[PDB]
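Listed next as structure tokens is one chain, alone, in the form deposited in one PDB entry.
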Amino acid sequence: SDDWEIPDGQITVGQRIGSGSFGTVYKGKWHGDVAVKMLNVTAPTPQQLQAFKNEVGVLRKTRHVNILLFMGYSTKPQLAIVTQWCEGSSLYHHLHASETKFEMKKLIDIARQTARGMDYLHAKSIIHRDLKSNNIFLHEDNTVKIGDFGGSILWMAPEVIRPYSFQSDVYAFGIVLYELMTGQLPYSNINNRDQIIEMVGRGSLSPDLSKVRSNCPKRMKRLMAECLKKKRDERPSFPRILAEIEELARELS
């Protein structure tokens, strides 16, 4: 992978879609529909430039169906990152902001695609911090795309509260399994935001697994409980997680 810079003037920026991890995200026209994440500043700060370079160097190493397709970047007009245009909404929107009623097979398949993406990233020695249902996009409502999109304490691990590792990502994936199988956020009953942080970091608070659906598979619930282990080094690696999820899904096709 080399020479991925897009010259200025080739992209036609369109409607502003919102604010991303840094800068603003628009929909652009460049050999089809694309998404442009730009930094609307005249001169970027050292922090901004280093974050841009790190994110671009991480994106140029990814070629997987369940990872958002990086396509190029621009620096001459301003810092910009170009990705594929996806049709659909984030998993958080489907679960907690919309009334979409998925099938259990669809939930299992979403979990499997997310596990595939995360195992791919871990194979590249890439720790994805701030993993949540907002960061899992449903392309055409059928394909999972993982990315760092633009409150995230719900997925935070006890160690991160007190430093990021693969095990924190496994715990975040466990929380994702929780919101997939139950349908709601982990601690709805707890209302004080600061209380949740201290309680979970201390270790007294943990998700209520009675919220899982009756048709939720046994092995799926057991794996979700194993991924949400309070101890950092008690959680399985993502190869075993993907293997269990694939063995579960492959018996329903």
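Just so we're on the same page, rigid core means the largest C-alpha set that superposes within 1.5 Å between forms. The numbering used is simple: start at 1 and walk along the sequence shown.
One more form of this protein exists, namely the form deposited in another entry; it is left out here, but the text below deals with it.
*Asks:* Please look at 219, 64, 213, 53 and say which one has a C-alpha shift reaching 2 Å or more between the shown form and the other one, core superposed.
*Replies:* Everything else stays below 2 Å; the exception is 53.
*Asks:* At a 2 Å cut-off on C-alpha positions, does residue 190 qualify as shifted between the shown form and the other one after fitting the rigid core?
*Replies:* It does not reach a 2 Å shift.
*Asks:* When the rigid core is used for the superposition, does residue 202 move between the shown form and the other one (threshold: C-alpha shift of 2 Å or more)?
*Replies:* Stays below the 2 Å threshold, so no.
*Asks:* Once the core is aligned, please say if the CA of residue 11 is shifted by at least 2 angstroms between the shown form and the other one.
*Replies:* The answer is yes; the displacement is at least 2 Å.
*Asks:* Kindly indicate if, in the other form, the C-alpha atoms of residue 17 and residue 93 are closer or farther apart than in the structure shown, bearing in mind the change is 3 Å or more.
*Replies:* It is closer: in the other form, the C-alpha atoms of residue 17 and residue 93 lie at least 3 Å nearer than they do here.
*Asks:* Taking the shown form as the reference, report whether the CA atoms of residue 131 and residue 23 lie closer or farther apart in the other form; the distance changes by 3 angstroms or more.
*Replies:* Closer in the other form, by 3 Å or more.
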